[PDB]
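Data block below; observations after.
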Amino acid sequence: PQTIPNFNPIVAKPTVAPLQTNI
Amino acid sequence: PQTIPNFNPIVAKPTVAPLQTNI
Amino acid sequence: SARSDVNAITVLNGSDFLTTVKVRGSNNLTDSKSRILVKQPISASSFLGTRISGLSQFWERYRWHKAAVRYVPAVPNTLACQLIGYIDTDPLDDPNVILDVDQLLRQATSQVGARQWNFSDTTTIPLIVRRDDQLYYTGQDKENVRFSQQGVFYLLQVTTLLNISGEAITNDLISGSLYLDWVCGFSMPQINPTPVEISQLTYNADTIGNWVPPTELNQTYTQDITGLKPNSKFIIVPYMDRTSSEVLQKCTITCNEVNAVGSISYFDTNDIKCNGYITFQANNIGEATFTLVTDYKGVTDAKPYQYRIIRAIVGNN
Amino acid sequence: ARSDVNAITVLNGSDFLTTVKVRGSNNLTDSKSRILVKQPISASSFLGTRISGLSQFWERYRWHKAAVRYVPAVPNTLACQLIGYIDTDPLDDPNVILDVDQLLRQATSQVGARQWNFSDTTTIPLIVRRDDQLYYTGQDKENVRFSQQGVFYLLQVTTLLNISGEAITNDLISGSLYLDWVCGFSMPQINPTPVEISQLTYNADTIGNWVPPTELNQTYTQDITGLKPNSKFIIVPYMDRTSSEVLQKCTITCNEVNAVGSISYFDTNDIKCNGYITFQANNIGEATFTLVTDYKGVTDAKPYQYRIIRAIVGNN
Amino acid sequence: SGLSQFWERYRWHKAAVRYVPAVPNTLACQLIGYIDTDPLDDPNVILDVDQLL
Amino acid sequence: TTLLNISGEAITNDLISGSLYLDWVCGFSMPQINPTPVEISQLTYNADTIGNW
Amino acid sequence: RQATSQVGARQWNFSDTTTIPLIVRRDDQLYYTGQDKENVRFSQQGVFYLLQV
Ligand SMILES: [Ca+2]
Ligand SMILES: [Ca+2]
Ligand SMILES: [Ca+2]
Ligand SMILES: [Ca+2]
Ligand SMILES: [Ca+2]
């Protein structure tokens, strides 16, 4: 009620970082 | 047109190499 | 046919290369202003040989349709730091004045296009476009910046870097680079002169000031020079057309900032001396600040020492 | 955003090529001087004309509707018919021809040829080939038919005249040539141009000495070496010595392109050590300077000091 | 490149150049690669490093 | 716990390790405008040191 | 380059595993056992060349 939307949102997305791909 | 198939193809498949499995 | 006499939008695309970053260690990191490491506008005519700066001395206006600043690491994942970047569309909203470090970072994750990332991975900081039809001018920033610059890229450091053994590194370190893929649209054909081309340098020398004299005998006062451009790289040399009786010694030293090459002196007894040269870049407001060391005995000076400034007109400089 | 796409980007503009001077009776002998300007028409063949800086950021060009103007700077009281043709085989060289008749006759047979008196103006066009060939960009490395859609020749049919109809003899500047282009580029990149330093830095450490003679008054040709082949420099005087005699020197340079400056010396109860000269260096590592030598201290007191300051830029 | 000697002319409809690394992520160097199509204007003549990149 | 490195030994020096966000929701009630605290400390001279030359 | 032309070649880091297969001619040929006496095309059905980059 009486609420402006999307004032100051944030979105986070993780990933990884392996030691070798070894294609 | 006038094209022999699959002359000298190559296929690559990546993987990873973690630091521990920790089963 | 030819000789059109018409103005037309020309949309273009490309990728470029900004400057490498330089992360600060421990012996160069004690204030809020050390956390901030690159203050770099995001206009068009603000580089050297990028295909966007050289390509913008040939039109007059521009507008970033969509831009993005791309980070690429040059480090292993075993190193640990964390840094954020944001593009402020008000180039005279300056974070030069915040003191507490936490406030400096909270006003960065408020702008509507900010990111955060480790210095061992990659991410695109986008530019955000005002809701108007405004067209910004190219060229050097002359009087006010809100005509020319459409943004300012502030990258700033949160943590302190460190090796695998936890020992915080003491010196600087190169942590990758920035590339800026872009799409912009220019309007008016012309040539701005401020990025002149090589084989046209002239070495102007027509500005002759004079150092203010002291009032007492021994003193180490200071002096500032106004009227210079907001940013350049000048050099000074002495200039002396006066007389003396006893000693009239003096020794000016470089300004109090990074750039410094040597010293300069004045001494007017039989073992006369007049030599020296200082190099520097004027501050963003367009002046400089020297410091003097005078050690003569005469008080009725009435002969302010003269000096000189000279510069090479080769580019924006 | 990244696209990895290639497009054409048709552009438009107008430019300034050069000025033009017509030969008089004395300088006119045969076909080699009959021609007076042999100036290629490519995109990267100018000194900063918005296409020699703008055809640095693409590899390939192709004109569409180029055209060349002639704008005079003379009255109607002079006349010398001249013609102009843009040839498209740039290896065709009219200097081989020796008879002036055939020289004027392989010129107007070209399609985009125009013939006019040099008291009025005229537009010479560029006739574009039929196929889809795109010409590279850069300087002319080794071969030319990749990098020139055309050259531009401007000839001089029978000699000048005067109000009373006589041929004058002195050389004369007549007008200037302009250009109005529309071209289509492709493949964004940068062609290189040799550049060894890309940011300012001053070489404020070099030092030398000027020898005065043991003579009361004589002018010399004191020379300097250890410099670059061709560059710009500027001298500033200074002195870290002593003297108690009436010395005086007001030396001056000997150059033609850049001799704007002066130097002075004076060493007594009043002092004068002001001045600057800036010059070009011929391709030897050499520069000539002349002294004044109006001092009374015949005995050699001590030679003075000077210093160059080389600006480390793209190339000096 | 032996089988191309049996035809005068060619044209690459497509091409691409993979990079198949050999190291772990504990070694770091940005390296940059491209394909220039004017094979005469070369980078060897540049004498600085900031313009070469 | 104390710090530990790759090899199981204690680190000697402090450091920074991360950051902290705050994903919130909130509800305000009464429209008004609170003041801003303006404060200033008066002057104070300090002459309590005898000098020597 | 003459190794990534044969019809059963592989490439891999020396920290992982992969199977290099043998490829079989389109005939009924039977090769002899034993030491290689005079000519090798009777006895050996292949030759495993491993080589370092
Ligand atoms: Ca702001
Ligand atoms: Ca021809
Ligand atoms: Ca021909
Ligand atoms: Ca190229
Ligand atoms: Ca090229």
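Read top to bottom, the protein sequences are chains A, B, C, D, E, F and G. The C-terminal residue of the first sequence carries number 53 in the authors' numbering, and the numbering is unbroken. The C-terminal residue of the second sequence carries number 53 in the authors' numbering, and the numbering is unbroken. The C-terminal residue of the third sequence carries number 371 in the authors' numbering, and the numbering is unbroken. The C-terminal residue of the fourth sequence carries number 371 in the authors' numbering, and the numbering is unbroken. The C-terminal residue of the fifth sequence carries number 159 in the authors' numbering, and the numbering is unbroken. The C-terminal residue of the sixth sequence carries number 265 in the authors' numbering, and the numbering is unbroken. The C-terminal residue of the seventh sequence carries number 212 in the authors' numbering, and the numbering is unbroken. Just so you know, even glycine gets a beta-carbon here, dropped at the ideal spot from N, CA and C.
- The Cβ atoms of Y140/C and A168/C sit closer than 9 Å to each other.
- It is roughly 5 Å from the alpha-carbon of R78/D to the alpha-carbon of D226/D.
- Per DSSP, the continuous alpha helix (DSSP H) segment holding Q157/C begins and ends at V155 to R160.
- Taken through DSSP and simplified to helix, strand or coil, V123/D comes out as strand.
- If the five residues before and after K120/D are omitted, its C-beta is found closer than 7 Å to the C-beta atoms of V237, all from its own chain and listed in chain order.
- Here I364/D has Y257, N258, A259, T261, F288, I289 and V291 as same chain residues with Cβ atoms under 8 Å from its own Cβ, once five neighbours each way along the sequence are excluded.
- Taking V250/D as reference, the option from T333/C, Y293/C, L102/C and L302/C with the minimal CA-CA separation is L102/C.
- When the beta-carbon positions are compared, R57/C and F240/C stay at least 9 Å from each other.
- Taking CB atoms only, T45/A has a neighbour in chain C less than 9 Å away.
- By a beta-carbon distance limit of 8 Å, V206/C contacts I96/C. Their separation comes to about 6 Å.
- The beta carbon of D349/D sits closer than 8 Å to the beta carbons of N272, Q303, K304 and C305 from its chain, once the five residues preceding and following it are set aside; these are given in chain order.
- Secondary structure note for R365/C: its beta strand (DSSP E) is the uninterrupted segment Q360 to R365.
- Sorting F112/C, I90/C and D148/C by C-alpha distance to the C-alpha of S99/C places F112/C at the top.
- Following the DSSP letters along the chain, one finds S86/D inside the alpha helix (DSSP H) bounded by residues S86 to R89.
- Setting aside the 5 residues that flank it on each side, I245/D is surrounded in the same chain by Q111 and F112, each with a C-beta closer than 8 Å to its C-beta; the list follows chain order.
- Around ligand 4, the residues selected by a Cβ distance under 5 Å to any of its heavy atoms are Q244/D, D142/E and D144/E, following chain order.
- The C-beta of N131/C comes closer than 9 Å to at least one C-beta of chain A.
- Within the DSSP bridge table, the entry for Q273/C names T348/C as partners.
- Between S253/D and chain E, the shortest Cβ-Cβ separation is below 9 Å.
- Sequence-ordered contacts of the region 134 to 153 of chain E with chain D read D142, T143, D144, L146, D147, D148, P149, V151, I152 and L153 [C-beta pairs closer than 8 Å].
- For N52/A, none of the residues of chain C pass the 7 Å Cβ criterion, the least Cβ distance being about 16 Å.
- Scanning its chain for C-beta atoms nearer than 7 Å, with the 5 sequence neighbours on each side dropped, one finds around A366/C the residues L255 and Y257, in chain order.
- Chain order gives the chain G residues near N38/B as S164, where near means a beta carbon separation below 8 Å.
- Taking C-alpha positions only, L133/C is separated from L215/F by approximately 16 Å.
- Between the C-alpha atoms of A162/D and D148/D there is a straight-line separation of about 11 Å.
- No heavy atom of ligand 2 is found nearer than 8 Å to the CB of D195/C.
- Taking 9 Å as the cut-off, the Cβ atoms of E341/D and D322/D do not count as close.
- Its chain contains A98, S99, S100, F101 and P249 as the residues whose beta carbon lies nearer than 8 Å to that of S107/C, once the 5 sequence neighbours on both sides are disregarded; these appear in chain order.
- Checking the 8 Å criterion, the Cβ of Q165/D is within range of a heavy atom belonging to ligand 2.
- An exposed status is given to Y191/G, since fewer than 16 other beta-carbon atoms sit within 10 Å of its beta-carbon.
- Between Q170/C and chain F, the shortest Cβ-Cβ separation is below 9 Å.
- Counting C-beta atoms within 10 angstroms of its own C-beta, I138/E has fewer than 16 neighbours from the protein chains shown and is therefore classed as exposed.
- Contact with chain F is absent for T177/C, since none of that chain's Cβ atoms lies less than 9 Å from the residue's Cβ.
- Set against 8 Å, the gap from the CB of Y140/E to the closest heavy atom of ligand 5 is not smaller.
- Residue environment for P267/C: buried (at least 16 other C-beta atoms within 10 angstroms of its C-beta).
- Cβ atoms of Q194/C and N338/C stay farther apart than 8 Å, at about 12 Å.
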